[PDB]
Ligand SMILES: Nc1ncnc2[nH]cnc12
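Just one chain follows, in the form deposited without the ligand, and it is written as structure tokens.
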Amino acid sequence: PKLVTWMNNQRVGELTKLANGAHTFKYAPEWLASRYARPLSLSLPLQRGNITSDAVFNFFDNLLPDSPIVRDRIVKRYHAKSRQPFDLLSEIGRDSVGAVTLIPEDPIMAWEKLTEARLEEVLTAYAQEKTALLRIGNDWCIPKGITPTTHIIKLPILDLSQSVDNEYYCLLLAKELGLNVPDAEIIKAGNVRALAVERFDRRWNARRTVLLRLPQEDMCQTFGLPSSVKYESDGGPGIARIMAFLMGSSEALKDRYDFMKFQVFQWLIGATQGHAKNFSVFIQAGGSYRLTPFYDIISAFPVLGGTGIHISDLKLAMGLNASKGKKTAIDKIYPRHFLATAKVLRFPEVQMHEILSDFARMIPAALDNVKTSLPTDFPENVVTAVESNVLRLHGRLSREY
């Protein structure tokens, strides 16, 4: 009942599942002795004894997809012993988010190039269902052994049939507006259209002979919480808890500014799904941390008017301060709410003003610039929907900034 936990080529410790179902973790002495040792999670601090808190089960369970439907698929695909976490990671824990590599108790870089036909096949087998591949030059490949992947691959997902184009667009816009986000590309293989997002939890060495995994954990993990409480309405962290947390980042000022800037950005693009698991931090040597780039960005604008949903129904996953409580409706949110929030969280008014004024003058040019990076077959309705609504909200920044 053990899975050895590795960080690149270093043994970190072991995950054990006792006979009664309890999960425990124990760091390896060689790991702890390193003057550069870092915990697996800020919720699992470095220590010599057996860790038995719920933070253990929660940390590892948060490495898996949230969806029971996706988990059944995983058990079926690898014939996993059960749907239980320990058993799923026994099958797919070799390459996961961050740098944790889980290998059953019972290297050289190598890979296999895939043909367009083969790539189409691989992708047609896949909250949503996502996989990962290794990019070598302009070819998509399957890594061999412990060789890591470099890109998260997402398939189309309320008609969220254009979620691939939606996210591509949002990521391009975020980058154009100065936000820290991964690059992405729309890949076409036969009749499949998927989004390949470059992973920021991976890094090639200078000579390109070794691809390293970078340790990171999302906000539920960092707080020892189960994925079940990822939404603030369920007791999960919101802007206040995360901002407080970021005070201790090795890049406090830049991370708080970036996180606040991103809240304004989600509001402008109608991103209604920015829950706690959509934020992560890199865990660095010694246990210090800093915010990773932003990810999993999708606009709810292209889904408007569909199932009868109006713009008035769009709500931010993490609310802002309101005179009498919180402000969550994108359609009712204005700059005063961001400034009121900045104030109570001790985020400088001058910085909040800069963020608002920068979007005020840059949005129109950013929207035009993004168009050159869209493929000829990009769905116009997505551009139309996001563009018109972003400009509509952007007007509110101009009637003051």
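When you see a residue number, it is the position in the sequence shown, counting from 1.
Not pictured, yet referred to below: the form deposited with the ligand bound.
**Student:** Tell me, yes or no, whether residue 315 is in contact with the ligand in the deposited complex, where a contact means a heavy atom of each within 4.5 Å.
**Tutor:** Because no heavy atom of residue 315 falls inside 4.5 Å of the ligand in the deposited complex, the answer is no.
**Student:** Tell me, yes or no, whether residue 201 is in contact with the ligand in the deposited complex, where a contact means a heavy atom of each within 4.5 Å.
**Tutor:** Although the ligand is absent here, residue 201 would touch it in the deposited complex, with heavy atoms inside 4.5 Å.
**Student:** Decide whether residue 296 counts as a contact residue for the ligand in the deposited complex under a heavy atom distance cut-off of 4.5 Å.
**Tutor:** Yes.
**Student:** Using heavy atoms and a 4.5 Å limit, would one call residue 152 a contact residue for the ligand in the deposited complex?
**Tutor:** Contact with the ligand, yes.
**Student:** Answer yes or no: in the deposited complex, does the ligand come within 4.5 Å of a heavy atom in every one of 182, 197 and 216?
**Tutor:** Heavy-atom distance to the ligand in the deposited complex: all three under 4.5 Å.
**Student:** With the partner removed from view, which of 111-119, 320-328, 288-296, 68-76 is the stretch that lies within 4.5 Å of the ligand in the deposited complex, judged by heavy atom distances?
**Tutor:** Going by heavy atoms within 4.5 Å, the stretch is 288-296.
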